[PDB]
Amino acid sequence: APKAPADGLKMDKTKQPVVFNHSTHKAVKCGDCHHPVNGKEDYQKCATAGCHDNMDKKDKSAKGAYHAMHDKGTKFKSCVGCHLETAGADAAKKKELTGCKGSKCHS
């Protein structure tokens, strides 16, 4: 089995880098994030060539990196999509977990 890496991982393909902590996500199954591709959970970096390697933040294809982290209605819950469900009607949690600035993802 692949092992979860250390906390403090920087996602840094963009000018708005974000820190990802596996430990705060330990209740989520690994494969919900490292989702199947060709029938096998894929543990490569999300923006690997052929994966979410389209760095145009308006792209909505399966290659759009922004889309994969921010949008609702995706085949796997995105970072923002899952956080919206988690926050519910709690506006303070919405700001913390889904805000575009001054949130836990973006300062």
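Don't overthink the numbering: it's just position in the shown sequence, from 1.
- Between 97 to 105 and 2 to 10, it is 2 to 10 that carries the larger average Cα temperature factor according to the deposited entry.
- Reading the B-factor column for the CA atoms of 33, 55, 37, 51 in the entry, the top value corresponds to 55.
- When the modelled residues of the chain are ordered by their C-alpha B factor, residue 68 lands in the lowest third.
- Ranked by Cα temperature factor within the chain, residue 28 sits in the highest third according to the deposited record.
- Residue 47: CA B factor lies in the middle third for its chain, per the PDB record.
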